[PDB]
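Asker: Have a peek at upload_4.cif (mmCIF, C-alpha atoms and all ligand atoms).
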```cif
data_run
loop_
_atom_site.group_PDB
_atom_site.id
_atom_site.type_symbol
_atom_site.label_atom_id
_atom_site.label_comp_id
_atom_site.auth_asym_id
_atom_site.auth_seq_id
_atom_site.Cartn_x
_atom_site.Cartn_y
_atom_site.Cartn_z
ATOM 1 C CA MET A 1 0.000 0.000 0.000
ATOM 2 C CA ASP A 2 2.429 2.655 1.233
ATOM 3 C CA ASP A 3 5.468 3.301 3.426
ATOM 4 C CA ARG A 4 6.980 5.879 5.779
ATOM 5 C CA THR A 5 10.744 5.427 5.465
ATOM 6 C CA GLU A 6 13.184 8.343 5.460
ATOM 7 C CA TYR A 7 16.628 6.752 5.183
ATOM 8 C CA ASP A 8 18.817 5.328 2.417
ATOM 9 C CA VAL A 9 18.126 1.736 1.374
ATOM 10 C CA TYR A 10 20.489 -1.140 2.151
ATOM 11 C CA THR A 11 21.977 -1.318 -1.345
ATOM 12 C CA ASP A 12 25.350 -1.022 -3.074
ATOM 13 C CA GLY A 13 28.171 -2.769 -1.239
ATOM 14 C CA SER A 14 28.059 -6.538 -0.795
ATOM 15 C CA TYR A 15 29.987 -9.657 -1.804
ATOM 16 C CA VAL A 16 31.220 -13.047 -0.598
ATOM 17 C CA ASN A 17 34.810 -14.190 -1.120
ATOM 18 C CA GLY A 18 34.975 -12.827 -4.655
ATOM 19 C CA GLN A 19 31.434 -12.761 -6.021
ATOM 20 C CA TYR A 20 28.770 -10.074 -6.404
ATOM 21 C CA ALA A 21 25.362 -9.851 -4.731
ATOM 22 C CA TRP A 22 22.566 -7.282 -4.516
ATOM 23 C CA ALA A 23 20.371 -6.691 -1.467
ATOM 24 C CA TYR A 24 17.742 -4.196 -0.313
ATOM 25 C CA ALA A 25 15.329 -3.373 2.509
ATOM 26 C CA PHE A 26 11.567 -3.599 1.993
ATOM 27 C CA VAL A 27 8.949 -1.957 4.211
ATOM 28 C CA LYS A 28 5.154 -1.940 3.959
ATOM 29 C CA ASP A 29 2.717 0.111 6.038
ATOM 30 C CA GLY A 30 5.770 1.483 7.822
ATOM 31 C CA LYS A 31 7.109 -1.889 8.940
ATOM 32 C CA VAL A 32 9.359 -4.721 7.762
ATOM 33 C CA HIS A 33 7.560 -6.614 4.996
ATOM 34 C CA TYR A 34 10.326 -8.584 3.281
ATOM 35 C CA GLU A 35 14.004 -9.426 3.756
ATOM 36 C CA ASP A 36 16.281 -11.347 1.391
ATOM 37 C CA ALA A 37 19.165 -10.838 -1.036
ATOM 38 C CA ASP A 38 20.232 -12.421 -4.326
ATOM 39 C CA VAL A 39 23.517 -13.462 -5.936
ATOM 40 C CA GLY A 40 24.503 -13.679 -9.590
ATOM 41 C CA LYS A 41 26.979 -15.791 -11.544
ATOM 42 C CA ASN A 42 27.143 -14.453 -15.102
ATOM 43 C CA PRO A 43 30.595 -13.279 -16.264
ATOM 44 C CA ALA A 44 29.421 -9.953 -17.689
ATOM 45 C CA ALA A 45 28.349 -9.123 -14.135
ATOM 46 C CA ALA A 46 31.105 -11.110 -12.427
ATOM 47 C CA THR A 47 33.863 -9.346 -14.362
ATOM 48 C CA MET A 48 33.116 -5.742 -13.404
ATOM 49 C CA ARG A 49 34.896 -6.111 -10.062
ATOM 50 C CA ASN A 50 31.564 -7.147 -8.546
ATOM 51 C CA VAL A 51 30.512 -3.530 -9.083
ATOM 52 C CA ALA A 52 27.491 -4.407 -11.218
ATOM 53 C CA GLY A 53 26.133 -6.142 -8.132
ATOM 54 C CA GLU A 54 26.330 -3.090 -5.881
ATOM 55 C CA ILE A 55 24.282 -0.930 -8.249
ATOM 56 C CA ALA A 56 22.173 -3.935 -9.238
ATOM 57 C CA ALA A 57 20.310 -3.629 -5.937
ATOM 58 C CA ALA A 58 19.201 -0.071 -6.696
ATOM 59 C CA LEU A 59 17.836 -1.479 -9.957
ATOM 60 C CA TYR A 60 15.656 -4.330 -8.701
ATOM 61 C CA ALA A 61 14.857 -2.065 -5.752
ATOM 62 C CA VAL A 62 12.936 0.345 -7.981
ATOM 63 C CA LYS A 63 11.316 -2.348 -10.122
ATOM 64 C CA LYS A 64 9.682 -3.862 -7.038
ATOM 65 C CA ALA A 65 9.153 -0.437 -5.475
ATOM 66 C CA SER A 66 6.380 0.053 -8.033
ATOM 67 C CA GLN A 67 4.755 -3.244 -7.054
ATOM 68 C CA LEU A 68 4.519 -2.301 -3.377
ATOM 69 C CA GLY A 69 3.225 1.104 -4.430
ATOM 70 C CA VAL A 70 5.946 2.572 -2.225
ATOM 71 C CA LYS A 71 8.959 4.796 -2.881
ATOM 72 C CA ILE A 72 12.619 4.875 -1.847
ATOM 73 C CA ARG A 73 14.888 7.691 -0.671
ATOM 74 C CA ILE A 74 14.574 10.495 -3.222
ATOM 75 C CA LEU A 75 14.777 13.719 -1.214
ATOM 76 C CA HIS A 76 18.448 14.552 -1.767
ATOM 77 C CA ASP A 77 19.203 10.846 -1.355
ATOM 78 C CA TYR A 78 22.615 11.081 -3.020
ATOM 79 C CA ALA A 79 23.972 7.936 -1.369
ATOM 80 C CA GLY A 80 27.088 6.246 -2.713
ATOM 81 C CA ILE A 81 25.649 6.346 -6.224
ATOM 82 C CA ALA A 82 25.822 10.144 -6.183
ATOM 83 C CA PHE A 83 29.552 9.778 -5.532
ATOM 84 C CA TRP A 84 30.616 8.860 -9.066
ATOM 85 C CA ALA A 85 27.505 10.518 -10.494
ATOM 86 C CA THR A 86 29.504 13.748 -10.300
ATOM 87 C CA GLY A 87 31.377 12.549 -13.369
ATOM 88 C CA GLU A 88 34.676 10.790 -12.706
ATOM 89 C CA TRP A 89 34.997 9.005 -16.050
ATOM 90 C CA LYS A 90 33.353 8.883 -19.479
ATOM 91 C CA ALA A 91 30.000 7.103 -19.715
ATOM 92 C CA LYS A 92 31.524 4.517 -22.052
ATOM 93 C CA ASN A 93 33.928 3.426 -19.313
ATOM 94 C CA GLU A 94 32.545 0.234 -17.774
ATOM 95 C CA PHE A 95 28.993 -1.025 -18.296
ATOM 96 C CA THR A 96 27.782 1.242 -15.493
ATOM 97 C CA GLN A 97 26.200 3.337 -18.243
ATOM 98 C CA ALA A 98 23.338 0.838 -18.407
ATOM 99 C CA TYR A 99 22.407 2.151 -14.961
ATOM 100 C CA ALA A 100 21.461 5.586 -16.291
ATOM 101 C CA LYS A 101 19.422 3.811 -18.968
ATOM 102 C CA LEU A 102 17.603 1.438 -16.615
ATOM 103 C CA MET A 103 16.566 4.589 -14.753
ATOM 104 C CA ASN A 104 13.992 5.842 -17.257
ATOM 105 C CA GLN A 105 12.977 2.207 -17.723
ATOM 106 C CA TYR A 106 11.290 2.300 -14.315
ATOM 107 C CA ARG A 107 11.583 5.991 -13.443
ATOM 108 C CA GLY A 108 8.603 7.411 -11.576
ATOM 109 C CA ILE A 109 8.803 6.087 -8.024
ATOM 110 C CA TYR A 110 12.383 6.986 -7.112
ATOM 111 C CA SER A 111 14.771 9.840 -7.897
ATOM 112 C CA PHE A 112 18.498 10.355 -8.460
ATOM 113 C CA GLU A 113 21.137 12.564 -10.077
ATOM 114 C CA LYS A 114 23.040 12.162 -13.347
ATOM 115 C CA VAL A 115 25.237 9.057 -13.378
ATOM 116 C CA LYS A 116 27.729 8.795 -16.239
ATOM 117 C CA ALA A 117 29.771 5.664 -15.530
ATOM 118 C CA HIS A 118 32.879 4.207 -13.891
ATOM 119 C CA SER A 119 33.361 3.893 -10.131
ATOM 120 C CA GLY A 120 35.478 2.439 -7.341
ATOM 121 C CA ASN A 121 35.333 3.391 -3.669
ATOM 122 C CA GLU A 122 33.506 2.923 -0.365
ATOM 123 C CA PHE A 123 30.843 5.512 -1.185
ATOM 124 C CA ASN A 124 28.431 2.572 -1.273
ATOM 125 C CA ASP A 125 29.454 1.262 2.148
ATOM 126 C CA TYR A 126 27.957 4.499 3.471
ATOM 127 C CA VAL A 127 24.529 2.896 3.085
ATOM 128 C CA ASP A 128 25.644 0.585 5.892
ATOM 129 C CA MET A 129 25.469 3.299 8.551
ATOM 130 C CA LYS A 130 22.504 5.048 6.931
ATOM 131 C CA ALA A 131 20.420 1.888 6.563
ATOM 132 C CA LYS A 132 21.115 1.220 10.242
ATOM 133 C CA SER A 133 18.768 4.119 10.986
ATOM 134 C CA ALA A 134 16.004 2.533 8.910
ATOM 135 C CA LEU A 135 16.516 -1.020 10.168
ATOM 136 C CA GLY A 136 16.016 -0.064 13.802
ATOM 137 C CA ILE A 137 18.997 0.915 15.939
ATOM 138 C CA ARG A 138 19.321 3.048 19.070
ATOM 139 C CA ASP A 139 21.711 5.940 19.697
ATOM 140 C CA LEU A 140 22.198 9.356 21.299
ATOM 141 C CA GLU A 141 24.093 12.137 19.526
ATOM 142 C CA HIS A 142 23.758 15.242 17.353
ATOM 143 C CA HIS A 143 26.273 15.807 14.556
ATOM 144 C CA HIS A 144 26.622 15.880 10.768
ATOM 145 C CA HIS A 145 28.609 17.195 7.802
ATOM 146 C CA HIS A 146 28.178 18.697 4.334
ATOM 147 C CA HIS A 147 29.675 17.815 0.948
HETATM 148 MG MG MG B 201 20.763 4.201 -2.936
#
```
Translate this structure into structure tokens?
Answerer:
Amino acid sequence: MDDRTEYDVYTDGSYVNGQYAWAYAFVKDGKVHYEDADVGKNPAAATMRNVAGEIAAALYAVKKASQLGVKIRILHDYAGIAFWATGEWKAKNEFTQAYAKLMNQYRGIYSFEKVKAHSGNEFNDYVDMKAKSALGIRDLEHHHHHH
């Protein structure tokens, strides 16, 4: 039906030994509805340094997002994806380009900035701490930064 989240989704940044996997957090009615990841095997996706898997999540995340009639972080989400989205390398570089294409494919529930291609960093791992806020963790502090 709907949701009430306000934190980045658990996507981008995951692998076992040397493979690539994509995961995400689902919530319905403002509560945990689903919970499960998925691994690949294909070479085209297992040859991009397991990068295709990190972004992969954001892909399937939107596709299903339309099924649950819900939406993901869009309000200045940024996330790790917005890291390379600034334009670090030509769009041709790597198959990451497909990402920008898959956007319009299911664009209407989520939002994001311009993502050319190429990548390589821990910008995705950031979702680890962010997602923690959505999952359900306690704390007590008041601080932040800007970039
Ligand atoms: Mg994201």
Asker: Residues within 6 Å of ligand MG 201 (chain B) should be enumerated using all atoms listed in the file and returned as a list in words.
Answerer: residues 8, 9, 11, 58 and 79 of chain A
Asker: Residue 70 in chain A: which residues within 12 Å, counting all atoms listed in the file, same-chain residues fewer than 6 positions away excluded, as a ChimeraX atom specification?
Answerer: /A:1-5,26-30,33,61-64,108-110
Asker: If you take every atom of range 1-9 of chain A that the file lists and fit an axis-aligned box around them with 4 Å extra on each side, what centre and edge lengths come out in Å to one decimal, as lines of an AutoDock Vina configuration file?
Answerer:
```
center_x = 9.4
center_y = 4.2
center_z = 2.9
size_x = 26.8
size_y = 16.3
size_z = 13.8
```
Asker: Could you jot down the CA of residue 24 in chain A to CA of residue 10 in chain A separation for me, Å, one decimal place?
Answerer: 4.8 Å
Asker: CA of residue 53 in chain A and CA of residue 102 in chain A, how far apart in Å?
Answerer: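 Between CA of residue 102 in chain A and CA of residue 53 in chain A the gap works out to 14.2 Å.
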Asker: Under the rule that all atoms listed in the file are counted, which of A:51, A:16, A:57, A:137 is the nearest residue to residue 36 in chain A?
Answerer: A:57
Asker: Could you tell me which of A:48, A:106, A:13, A:41 comes closest to residue 66 in chain A if we count only C-alpha atoms?
Answerer: A:106
Asker: Point out the residue among A:141, A:122, A:128, A:88 with the least atom-to-atom distance to residue 25 in chain A, counting all atoms listed in the file.
Answerer: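 Closest to residue 25 in chain A of all the choices is A:128.
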Asker: In Å, how far is it from CA of residue 100 in chain A to CA of residue 7 in chain A?
Answerer: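 Interatomic distance, CA of residue 100 in chain A to CA of residue 7 in chain A: 22.0 Å.
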Asker: Which residue out of A:89, A:123, A:84, A:95 has the minimum interatomic distance to residue 45 in chain A when only C-alpha atoms are used?
Answerer: A:95
Asker: Taking the file as I've supplied it (selection: the PyMOL selection byres (((chain A and resi 115) around 6) and not hetatm)), which residues are included? Please answer as a list in words.
Answerer: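 That expression, the PyMOL selection byres (((chain A and resi 115) around 6) and not hetatm), corresponds here to residues 85, 100, 114 and 116 of chain A.
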Asker: Determine the residue set returned by the PyMOL selection byres (((chain A and resi 80) around 7) and not hetatm) for the present structure, and present it as an MDAnalysis selection string.
Answerer: chainID A and resid 78:79 81:83 123:124 126
Asker: Measuring between only C-alpha atoms, which one of A:44, A:50, A:56, A:38 shows the shortest distance to residue 17 in chain A?
Answerer: A:50
Asker: Tell me which of A:105, A:42, A:133, A:111 sits closest to residue 76 in chain A, counting only C-alpha atoms.
Answerer: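 Residue with the minimum atom-to-atom distance to residue 76 in chain A: A:111.
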Asker: Complete range 60-77 of chain A with N, CA and C atoms (output as a short mmCIF file (atom, residue, chain, number, x, y, z; two decimals), in the coordinates of the input).
Answerer:
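What follows is the written file part00.cif:
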```cif
data_model
loop_
_atom_site.label_atom_id
_atom_site.label_comp_id
_atom_site.auth_asym_id
_atom_site.auth_seq_id
_atom_site.Cartn_x
_atom_site.Cartn_y
_atom_site.Cartn_z
N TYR A 60 16.77 -3.49 -9.11
CA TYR A 60 15.66 -4.33 -8.70
C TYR A 60 14.86 -3.67 -7.58
N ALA A 61 15.51 -2.77 -6.85
CA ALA A 61 14.86 -2.06 -5.75
C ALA A 61 13.72 -1.19 -6.26
N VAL A 62 13.94 -0.53 -7.39
CA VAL A 62 12.94 0.34 -7.98
C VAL A 62 11.85 -0.46 -8.67
N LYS A 63 12.26 -1.49 -9.41
CA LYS A 63 11.32 -2.35 -10.12
C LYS A 63 10.22 -2.85 -9.19
N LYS A 64 10.63 -3.35 -8.02
CA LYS A 64 9.68 -3.86 -7.04
C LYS A 64 8.99 -2.72 -6.30
N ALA A 65 9.70 -1.60 -6.16
CA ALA A 65 9.15 -0.44 -5.48
C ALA A 65 7.80 -0.04 -6.06
N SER A 66 7.63 -0.28 -7.35
CA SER A 66 6.38 0.05 -8.03
C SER A 66 5.29 -0.96 -7.69
N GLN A 67 5.70 -2.19 -7.40
CA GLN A 67 4.76 -3.24 -7.05
C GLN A 67 4.15 -3.00 -5.68
N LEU A 68 4.98 -2.57 -4.74
CA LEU A 68 4.52 -2.30 -3.38
C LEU A 68 3.87 -0.92 -3.28
N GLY A 69 3.82 -0.22 -4.41
CA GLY A 69 3.22 1.10 -4.43
C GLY A 69 3.94 2.08 -3.51
N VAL A 70 5.16 1.72 -3.11
CA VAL A 70 5.95 2.57 -2.22
C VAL A 70 7.06 3.28 -2.99
N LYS A 71 7.85 4.07 -2.27
CA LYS A 71 8.96 4.80 -2.88
C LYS A 71 10.19 4.76 -1.98
N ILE A 72 11.37 4.89 -2.59
CA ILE A 72 12.62 4.88 -1.85
C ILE A 72 13.15 6.29 -1.63
N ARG A 73 14.28 6.40 -0.95
CA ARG A 73 14.89 7.69 -0.67
C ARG A 73 15.09 8.48 -1.96
N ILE A 74 14.46 9.64 -2.04
CA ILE A 74 14.57 10.50 -3.22
C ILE A 74 14.97 11.92 -2.84
N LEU A 75 14.47 12.38 -1.70
CA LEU A 75 14.78 13.72 -1.21
C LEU A 75 16.27 13.87 -0.93
N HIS A 76 17.01 14.36 -1.92
CA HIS A 76 18.45 14.55 -1.77
C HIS A 76 19.12 13.28 -1.27
N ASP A 77 18.65 12.13 -1.75
CA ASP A 77 19.20 10.85 -1.36
C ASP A 77 20.72 10.84 -1.51
#
```
